[PDB]
Peer 1: 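Sharing a structure, written as structure tokens. Questions coming.
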Amino acid sequence: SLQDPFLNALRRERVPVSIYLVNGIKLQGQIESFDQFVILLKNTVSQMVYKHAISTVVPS
Amino acid sequence: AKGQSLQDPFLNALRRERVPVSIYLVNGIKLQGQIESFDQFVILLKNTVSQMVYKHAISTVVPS
Amino acid sequence: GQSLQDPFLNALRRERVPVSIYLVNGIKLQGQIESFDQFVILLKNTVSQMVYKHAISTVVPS
Amino acid sequence: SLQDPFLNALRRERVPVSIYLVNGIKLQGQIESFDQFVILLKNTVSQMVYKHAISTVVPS
Amino acid sequence: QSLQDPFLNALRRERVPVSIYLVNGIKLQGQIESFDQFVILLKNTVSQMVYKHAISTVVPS
Amino acid sequence: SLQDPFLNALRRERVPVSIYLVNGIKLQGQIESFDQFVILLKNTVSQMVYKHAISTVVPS
RNA sequence: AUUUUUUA
Ligand SMILES: Nc1ncnc2c1ncn2[C@@H]1O[C@H](COP(=O)(O)OP(=O)(O)O)[C@@H](O)[C@H]1O
Ligand SMILES: Nc1ncnc2c1ncn2[C@@H]1O[C@H](COP(=O)(O)OP(=O)(O)O)[C@@H](O)[C@H]1O
Ligand SMILES: Nc1ncnc2c1ncn2[C@@H]1O[C@H](COP(=O)(O)OP(=O)(O)O)[C@@H](O)[C@H]1O
Ligand SMILES: Nc1ncnc2c1ncn2[C@@H]1O[C@H](COP(=O)(O)OP(=O)(O)O)[C@@H](O)[C@H]1O
Ligand SMILES: [Mg+2]
Ligand SMILES: [Mg+2]
């Protein structure tokens with residue numbers, strides 16, 4: 001897996017990310033955690049985002 | 001993390017604590033209600049009535 | 001923590017409940033649940049139409 | 001299965017059908033054949049339609 | 001795959017110009033160079049790899 | 001698999017690529033790596049693109 | 001373990 005090391009590194013270092021959704025919505029926050037099918041993105045609140053809804057995960 | 005170690009406990013906490021949730025769909029529609037039950041593939045969301053939402057249609061689940 | 005799909009659809013079918021099936025593109029279909037399997041739901045209104053589950057957002061009584 | 005008898009009946013009876021795609025396009029023709037993942041729709045030409053792109057198959 | 005594979009293989013072997021409609025309505029054109037379970041390689045000016053999950057319809061042009 | 005050799009050749013030769021997403025957005029960069037589910041695309045940053053959100057990969 | 005990252 002490349003996916004898991006990528007997401008874990010972002011999580012560990014609290015890297016600001018943008019998550020672009022397939023419908024054109026852009027979310028921002030930090031990767032709090034993730035598992036097989038979802039990513040927990042935290043900004044003001046923790047929201048569970050389904051991977052099937054995501055196009056890209058983009059660090060800044 | 002592996003398997004369902006994030007998703008299942010997240011959804012179960014919402015269900016157990018009867019937390020008002022927003023469920024954003026892939027078409028940008030926001031549903032609201034309480035999580036009555038869920039399985040691997042669907043969530044039963046209760047507001048006025050029970051509706052079966054396919055997880056494949058869901059973008060994001062977050063407390064309201 | 002068992003399967004929810006077939007019990008939910010079966011109840012709607014058996015009770016003859018008018019349902020709305022919203023698709024992932026927001027289109028709302030209406031009718032009676034006639035039957036269903038692993039992949040599809042047959043929705044009866046003026047005709048029987050076969051709806052792919054992969055395209056369904058929500059099934060709810062109208 | 002309910003899918004296979006439904007499509008076989010349309011194919012056998014040469015019923016004019018509408019195939020609605022998830023992107024809102026409506027295709028019309030006759031069910032020529034189908035397998036696990038595709039439906040062949042015949043109008044002036046035979047076109048191969050991926051089931052994943054289809055929302056509903058409706059007699060016209 | 002008794003329908004899909006022979007349909008695509010006939011297009012490929014006979015080097016038939018095809019149109020591939022994507023789920024976003026974009027129409028690609030070219031000849032099918034090869035395919036596997038998940039992608040189709042489409043050749044026009046260059047070779048591009050098209051994911052089947054993004055394709056609605058394949059038809060001869 | 002035709003997919004892996006195609007992506008590997010673009011990666012190894014450091015070919016600038018265009019990745020078109022299913023919503024029509026065009027991403028550009030170099031393929032850094034890929035696995036079953038994702039492609040890591042490098043430009044100003046390394047971003048992770050889910051294959052499910054990709055329509056086409058082509059040299060730019 | 002009913003297509004919850006995957007040509008129904
Ligand atoms: N996580 C998400 N997934 C899908 N759509 C979203 C998400 N967040 C917001 N949207 C959609 O983007 C649009 C603008 O969102 P915004 O007004 O910021 O949030 P809200 O409408 O919930 O207060 C709304 O149509 C909303 O449904
Ligand atoms: N659960 C759902 N899934 C997908 N689309 C939905 C859902 N609920 C409503 N919509 C769509 O969102 C748009 C606005 O909804 P709304 O006017 O509230 O419809 P309704 O009156 O049927 O609830 C409509 O196109 C509708 O079909
Ligand atoms: N056989 C088909 N399968 C899927 N989509 C189609 C088909 N034919 C047309 N479309 C879509 O519908 C839109 C308009 O159709 P049409 O007027 O026939 O354009 P064209 O002549 O370029 O196919 C196009 O943007 C195209 O993406
Ligand atoms: N292979 C493709 N897959 C998905 N979308 C595409 C593809 N080719 C073009 N598009 C969409 O159509 C638009 C116009 O096409 P074109 O001008 O050829 O692309 P470009 O943006 O590279 O100039 C693009 O901006 C893109 O949104
Ligand atoms: Mg079960
Ligand atoms: Mg999937």
Side-chain angles (χ1 to χ4, degrees), chain A residues 1-4 6-7 19 21-22 34-39 48-57, chain B residues 1 3-4 6-8 10-11 23 26 38-43 52-61, chain C residues 1-10 24 36-41 50-56, chain D residues 1-4 6-7 19 22 34-39 48-57, chain E residues 1 3-5 7-8 20 23 35-40 49-58, chain F residues 1 3 34-39 48-54:
Chain A
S1 175
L2 315 173
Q3 189 187 167
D4 293 356
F6 182 90
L7 290 172
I19 297 187
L21 301 187
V22 295
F34 64 98
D35 67 9
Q36 185 171 20
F37 296 118
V38 309
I39 293 173
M48 187 186 75
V49 186
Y50 281 94
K51 292 178 189 181
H52 60 242
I54 301 178
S55 65
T56 63
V57 180
Chain B
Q4 323 308 134
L6 171 61
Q7 179 182 177
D8 284 1
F10 185 89
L11 295 179
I23 297 183
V26 290
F38 59 95
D39 65 18
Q40 283 165 293
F41 309 106
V42 303
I43 296 174
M52 185 175 64
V53 186
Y54 280 90
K55 287 178 182 182
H56 63 237
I58 299 178
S59 161
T60 300
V61 180
Chain C
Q2 307 301 326
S3 303
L4 302 170
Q5 285 179 79
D6 292 8
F8 187 90
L9 298 172
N10 232 300
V24 296
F36 52 85
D37 69 14
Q38 183 176 154
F39 301 110
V40 304
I41 296 173
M50 178 175 74
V51 188
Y52 278 99
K53 287 164 141 199
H54 60 241
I56 294 179
Chain D
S1 155
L2 276 125
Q3 191 189 168
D4 300 348
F6 188 85
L7 294 171
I19 293 182
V22 297
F34 64 98
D35 67 15
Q36 179 173 6
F37 296 119
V38 307
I39 296 170
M48 186 183 78
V49 186
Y50 283 96
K51 285 182 188 177
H52 65 241
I54 300 176
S55 67
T56 63
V57 179
Chain E
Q1 315 321 117
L3 201 205
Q4 183 189 174
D5 288 353
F7 185 87
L8 290 179
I20 300 182
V23 294
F35 61 97
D36 68 14
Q37 283 171 305
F38 301 94
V39 305
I40 297 172
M49 181 177 73
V50 188
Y51 282 94
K52 288 181 190 183
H53 58 237
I55 299 172
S56 69
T57 300
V58 176
Chain F
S1 186
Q3 183 183 166
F34 63 95
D35 68 15
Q36 187 176 0
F37 294 119
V38 305
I39 295 178
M48 183 182 72
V49 190
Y50 280 96
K51 288 177 172 189
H52 61 242
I54 300 180

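Below, chain A is the first sequence line, B the second, and so on; all start at residue 1. Just so you know, these numbers use all the heavy atoms, side chains as well, and skip hydrogens, waters and symmetry mates.
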Peer 1: Rounded to whole Å, please give me the gap between CG in E:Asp36 and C1' in G:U6.
Peer 2: 13 Å

Peer 1: In whole Å, what is the span from the CZ atom of E:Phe35 to the P atom of G:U7?
Peer 2: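 Whole-Å distance recorded here is 16 Å.
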
Peer 1: Determine the contact category for C:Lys53: base if any of its heavy atoms lies under 4.0 Å from a base atom, sugar-phosphate if only primed atoms, P, OP1 or OP2 are that close, otherwise nothing.
Peer 2: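 If one applies the 4.0 Å heavy-atom cut-off, C:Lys53 turns out to touch a base.
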
Peer 1: Between A:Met48 (CE) and G:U5 (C1'), how many Å, whole number?
Peer 2: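 Interatomic distance, CE of A:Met48 to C1' of G:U5: 13 Å.
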
Peer 1: Just how far, in rounded Å, is P of G:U5 from CD1 of F:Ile54?
Peer 2: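 Value for this atom pair: 16 Å.
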
Peer 1: Tell me whether the side-chain N/O atoms of B:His56 come closer than 4.0 Å to OP1 or OP2 in G:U4.
Peer 2: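 For B:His56, the contact criterion (side-chain N or O under 4.0 Å from OP1 or OP2 of G:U4) is met.
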
Peer 1: Between the side-chain atoms of C:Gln38 and the base atoms of G:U3, is any donor-acceptor pair under 3.5 Å?
Peer 2: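 Side chain to base: no pair present.
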
Peer 1: What residues form a ring pair (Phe, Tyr, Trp, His ring centres under 6.0 Å) with D:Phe6, not counting sequence neighbours?
Peer 2: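 So D:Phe6 forms no ring pair (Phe, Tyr, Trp, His ring centres under 6.0 Å) with any residue.
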
Peer 1: How close or far is atom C1' of G:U6 from atom OH of A:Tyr50, stated in whole angstroms?
Peer 2: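 Rounding to the nearest Å, OH of A:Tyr50 and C1' of G:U6 are 17 Å apart.
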
Peer 1: G:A1 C1' sits how many Å from B:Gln4 CD, rounded?
Peer 2: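 To the nearest whole Å, that distance equals 12 Å.
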
Peer 1: C:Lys53 and C:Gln5: side-chain donor and acceptor closer than 3.5 Å?
Peer 2: yes

Peer 1: Testing B:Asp39, B:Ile43, B:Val42 one by one against B:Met52 for a side chain to side chain contact (heavy atoms under 4.5 Å, CB included), which residue passes?
Peer 2: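 That would be B:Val42; it is the only one of B:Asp39, B:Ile43, B:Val42 passing the side chain to side chain contact (heavy atoms under 4.5 Å, CB included) with B:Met52.
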
Peer 1: Which comes earlier along RNA chain G counting from the 5' end, the contact point of C:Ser3 or that of A:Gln3, where each point is its nearest nucleotide?
Peer 2: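 Looking at RNA chain G, the more 5' nearest nucleotide goes with C:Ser3.
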
Peer 1: Taking ring pair (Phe, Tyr, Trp, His ring centres under 6.0 Å) as the test, write out the residues that go with D:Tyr50, two or more places apart.
Peer 2: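 Partners of D:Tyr50 by the ring pair (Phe, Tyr, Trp, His ring centres under 6.0 Å) criterion, ordered by chain and then number, come out as D:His52.
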
Peer 1: Are F:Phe37 and the base of G:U5 stacked, counting only ring centres nearer than 5.5 Å and planes tilted under 30°?
Peer 2: yes

Peer 1: In whole Å, what is the span from the CG atom of E:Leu3 to the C1' atom of G:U7?
Peer 2: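 Value for this atom pair: 13 Å.
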
Peer 1: Just to be sure I understand the rule, does C:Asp6 reach a base, reach only the sugar-phosphate, or reach nothing, if contact means heavy atoms closer than 4.0 Å?
Peer 2: base

